[PDB]
Amino acid sequence: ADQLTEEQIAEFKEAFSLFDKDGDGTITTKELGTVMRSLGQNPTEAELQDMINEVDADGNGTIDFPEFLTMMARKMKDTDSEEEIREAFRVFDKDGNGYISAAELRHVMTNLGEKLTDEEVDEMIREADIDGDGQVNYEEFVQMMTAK
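Calculation criteria
Residues numbered from 1 in each chain as written, not as in the entry; some residues may be left out. Heavy atoms only, no water. Helix = DSSP H or I, 4+ residues; strand = E, 2+ residues; numbered from the N terminus. Polar contact = N/O pair within 3.5 Å; in protein donor to acceptor, adjacent residues only side chain to side chain. Contact = heavy atoms within 4.5 Å. UniProt positions renumbered as here; feature names shortened; annotations may be inferred. Buried < 20%, exposed > 50% of the residue type's maximum accessible area, 1.4 Å probe, protein only. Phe/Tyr/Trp six-rings, centres within 6.5 Å; stacked < 30°, edge-to-face > 60°. Axes fitted to C-alpha atoms, helices over the stretch in contact; angles between N-to-C directions. Parallel < 35°, antiparallel > 145°, perpendicular 65-115°, else oblique. Left-handed = near helix turned anticlockwise from the far one by under 90°. Nonpolar A, V, L, I, M, F, W, Y, C, P; charged D, E, K, R; others polar.

Trainee: Is there a simple way to explain the side chain of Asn-137 in this structure?
Mentor: By secondary structure assignment, the location of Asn-137 is in the loop between β4 (135-136) and α8 (139-146). At 3.3 Å, the side chain of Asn-137 and the backbone nitrogen of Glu-140 are in polar contact. Those residues in contact with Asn-137 that sit more than four places away from it in its chain are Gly-98, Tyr-99 and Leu-105.

So this is what it looks like as structure tokens:
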């Protein structure tokens, strides 16, 4: 899933509060780039003025956390975590066949540096009939690492 993890929501909530000097849980458009830049993102000025024209639909010129989360979810799209795991399994599809040996699959999940425990993968392997044949595609194992 591409849902915001409780952490990503907290990270943004902290970077957002960083400019909530009104104790109202909101920030001004003048600090929006600063908030976004606080997370290490550097959108151009036009990119910022473009999202403002839409967010500035109330005619007030301010951003609240909820709407701020609507911006983060619109950016963490084209860069899903899925494209990262599939691109890793791609690094493992040296034969461009779409299939690798479970070993390479288990290796793709460990080399990625994911905090997955060998036990969690053992369960993901139960429904992924990784036997009966010997090789398995990852598209199914990719959606499993994202969120059952």
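Still to come is the rest of the account.
Trainee: Is there a simple way to think about the UniProt feature "binding site: Ca(2+) 4" in the protein chain in this case?
Mentor: Per the UniProt annotation, the sites labelled "binding site: Ca(2+) 4" are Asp-129, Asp-131, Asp-133, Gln-135 and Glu-140. Looking at the secondary structure, you find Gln-135 in strand β4. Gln-135 sits in the exposed class, given a relative accessible area of 52%. The contact partners of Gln-135, leaving out residues within four places of it in the chain, are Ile-100 and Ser-101.

Trainee: So what exactly am I meant to see when it comes to the packing of aromatic side chains here?
Mentor: Two descriptors summarise a pair of aromatic rings, namely the distance from one centre to the other and the angle between the planes of the rings. Taken as a whole and assessed by the stated rule, the structure comprises four aromatic pairs. Taken together, the aromatic side chains of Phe-16, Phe-65 and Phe-68 make up a single cluster linked through ring pairs.

Trainee: What is the right way to read the packing of helix α1 (residues 6-17) against helix α4 (residues 65-75) from this model?
Mentor: Angle between the axes and distance between the axes are the two parameters that describe a pair of packed helices. One way to put it is that α1 packs onto α4 with a least axis distance of 11 Å and a crossing angle of 125 degrees. By the angle between their directions, the pair α1 and α4 is classed as oblique. Once α1 is placed against α4, the crossing between them reads as right-handed. Together, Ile-9, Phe-12, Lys-13 and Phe-16 of α1 and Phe-65, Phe-68, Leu-69 and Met-72 of α4 make up the contact between the two elements. Here the contact of α1 with α4 is built from residues that sort into seven nonpolar, no polar and one charged.

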